[PDB]
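Beneath this line is the structure, given in structure tokens, with notes to follow.
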Amino acid sequence: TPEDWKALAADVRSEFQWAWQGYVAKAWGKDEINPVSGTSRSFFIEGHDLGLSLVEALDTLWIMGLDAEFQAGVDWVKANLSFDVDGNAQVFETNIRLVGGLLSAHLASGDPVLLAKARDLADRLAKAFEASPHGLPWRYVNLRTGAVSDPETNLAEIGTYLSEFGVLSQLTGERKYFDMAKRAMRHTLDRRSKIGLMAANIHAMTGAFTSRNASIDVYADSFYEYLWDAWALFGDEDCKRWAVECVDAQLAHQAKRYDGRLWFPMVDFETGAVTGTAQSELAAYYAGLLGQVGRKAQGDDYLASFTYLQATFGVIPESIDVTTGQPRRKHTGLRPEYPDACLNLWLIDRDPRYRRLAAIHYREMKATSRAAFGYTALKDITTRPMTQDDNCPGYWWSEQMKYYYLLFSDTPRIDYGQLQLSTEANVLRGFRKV
Ligand SMILES: CO[C@H]1O[C@H](CO)[C@@H](O)[C@H](O)[C@@H]1S[C@H]1O[C@H](CO)[C@@H](O)[C@H](O)[C@@H]1O
Ligand SMILES: [Ca+2]
Ligand SMILES: [Ca+2]
Ligand code: NA
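What follows is the structure in structure tokens.
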């Protein structure tokens, strides 16, 4: 019997609404729900929540036609959400989750207050860039005072701003946001080695690399996405060039096969010698990026490595040893990168194979992570049943439920040909208002 995709989309929507009801009941205005205990936790600043999961959920709610829920969230933001807070926030997370979540909600609704708040927050983050003579942001900034801390940063945390900041520039008319984000990326690209790689670790004050490890994985990953995404969103010719150059250097020097499967271990950024044996689950994003930049066959080959992990382990292990293809960790973060890749590859030619693979992933989420008041990260994927931890990460609200729904629903609320997603799955182009 063929899959009824519209029925599966309706199930995703029903589950998302049910989870939202749990958030309203147990964690209203709080950063994250802990859906096993039915409690909440803070994310950015302990004891000073910023409605994180509410903000992350907004564009998903709108796309699903959960309009009353969307409006309840928007109305909470407009009455309550302030960033004039004497506490330290991690610049990268604050941008991709809160700036991006407010921007997607603004684009869906047209509500100027959501743009005002996104821009206020971006101006607070700008102080972290201004505190470096290179324009490389410090990792943490005090939202009220502008004081910075921790300049020992990385490509992801200096280079995952251009989509949100560039959209701010388009909407506001002020080019400063785009320019600030692009300058930080150019800095590290100008320090590529002769083999075209950057080390992942960079110092905001010296402007120098602080390791020799090139990576496609955690601490690097979304830099490479945002090069392509800036071409797609803004027509930026430098970023188009840089995206393809970086990926082809990675394919030349980091693509390695182990037991017949493609992986991308870390390598010395100058010599290409392999310097690690781990790959995280989060690297699955790269299968989709490979397709986006015109390397679809290679993207499908990399997706197949993660499809192997899903078929073998049920849930993709949080980290594996590439030399054995086995888990290095037993816990998970309820991670979204596999359906991320499936959606991105599916947007190319609508191949039903990607729907089939994402349906496995959704059903496995239901079979493993469902708790009393929502969906939770896992303690141990090796027990039967898999044991649960007690946390719904904020990204769940923006990412995998949206990915599943976009893959299955063919919703008229999205122009699929114009759809653009941030690394947190915030929709930055493609809304079709009702
Ligand atoms: C620790 O891993 C996170 O942060 C580093 C930067 O410190 C990133 O390089 C890494 O990709 C993730 S954030 C990444 O994954 C999340 C979902 O698993 C989500 O916030 C979003 O997809 C983000 O791109
Ligand atoms: Ca991501
Ligand atoms: Ca992407
Ligand atoms: Na969102």
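Sequential numbering of the sequence shown, starting at 29, is according to PDB author numbering. Each residue gets a CB set at the ideal place from its N, CA and C atoms; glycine is no exception.
Among residues of its own chain, excluding the 5 on either side of residue i, which ones have a beta-carbon nearer than 6 Å to its beta-carbon?
i, result
"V321", "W256, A271, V272, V275"
"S437", "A37"
"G263", "none"
"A399", "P63, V64"
"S70", "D59, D77"
"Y247", "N182, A184, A228"
"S197", "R203, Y205, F206"
"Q307", "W291, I348, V350"
"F157", "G163, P165, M208"
"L447", "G458"
Starting from the C-beta of residue i, find all residues in its chain whose C-beta is less than 7 Å away, skip the five residues before and the five after it, and write them out in chain order.
i, result
"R152", "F111, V169, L171"
"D287", "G353"
"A154", "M208"
"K430", "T88, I91, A453"
"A301", "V295"
"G319", "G327, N372, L373, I376"
"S221", "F297, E298"
"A387", "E31, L36"
"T404", "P63, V64, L362, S397, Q416, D417, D418, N419, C420"
"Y432", "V40, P367, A386, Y390"
"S333", "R289, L290, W291"
As a quick exercise: from the options, pick the residue whose alpha carbon is nearest that of residue i.
i, options, result
"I442", "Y433, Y432, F459", "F459"
"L126", "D114, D87, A107, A100", "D87"
"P179", "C267, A236, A395", "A236"
"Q416", "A212, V195, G361", "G361"
"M393", "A100, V195, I409", "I409"
"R363", "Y382, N419, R384", "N419"
"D103", "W56, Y366, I61, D148", "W56"
"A85", "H359, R323, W48", "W48"
"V119", "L449, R383, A232", "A232"
"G304", "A159, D245, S177", "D245"
"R357", "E365, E346, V350, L130", "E346"
"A212", "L149, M414, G187", "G187"
"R289", "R269, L310, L331", "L331"
"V40", "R391, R378, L164", "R391"
"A107", "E121, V113, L131, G79", "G79"
"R412", "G342, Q338, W46", "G342"
"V83", "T67, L385, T404, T122", "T122"
"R457", "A405, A136, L337", "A136"
"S426", "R147, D249, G129, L217", "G129"
"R378", "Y336, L317, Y444", "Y444"
"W46", "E97, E309, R240", "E97"
"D368", "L434, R285, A159, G50", "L434"
"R147", "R219, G174, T200", "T200"
"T29", "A117, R384, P293, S81", "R384"
"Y336", "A117, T439, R214, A312", "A312"
"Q428", "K34, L449, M414", "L449"
Exposed or buried, what is residue i when buried is set at 16 or more other beta-carbons lying within 10 Å of its beta-carbon?
i, result
"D95", "exposed"
"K210", "buried"
"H389", "buried"
"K145", "buried"
"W374", "buried"
"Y205", "buried"
"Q278", "buried"
"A395", "exposed"
"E265", "exposed"
"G101", "buried"
"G138", "exposed"
"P140", "exposed"
"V462", "exposed"
"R167", "buried"
"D249", "buried"
"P355", "buried"
Quick test of your reading: residue i and residue j, contact by CB under 8 Å. State the CB separation rounded to the nearest angstrom.
i, j, result
"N182", "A133", "Not a contact, Cβ separation roughly 28 Å."
"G194", "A258", "6 Å"
"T451", "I230", "Actually they do not touch by this definition, with Cβ atoms about 18 Å apart."
"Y252", "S191", "So it is not a contact: roughly 13 Å between Cβ atoms."
"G316", "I61", "Not confirmed; about 28 Å, so no contact."
Leaving out five residues before and five after residue i in sequence, what residues of the same chain have Cβ atoms less than 8 Å from its Cβ?
i, result
"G115", "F72, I73, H76, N170, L171, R172"
"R285", "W291"
"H281", "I223, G224, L225, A242, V295, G300"
"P293", "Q282, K284, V302, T303, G304, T305, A306, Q307, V350"
Taking 7 Å as the line, does the beta carbon of residue i fall inside it for any heavy atom of ligand 5?
i, result
"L86", "This structure lacks ligand 5; the ligands present are ligand 1, ligand 2, ligand 3 and ligand 4."
Chain-ordered list of residues that sit, by beta carbon, closer than 6 Å to a heavy atom of ligand 2: Counting every residue whose Cβ lies closer than 6 Å to a heavy atom of ligand 2, we get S250, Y313, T451.
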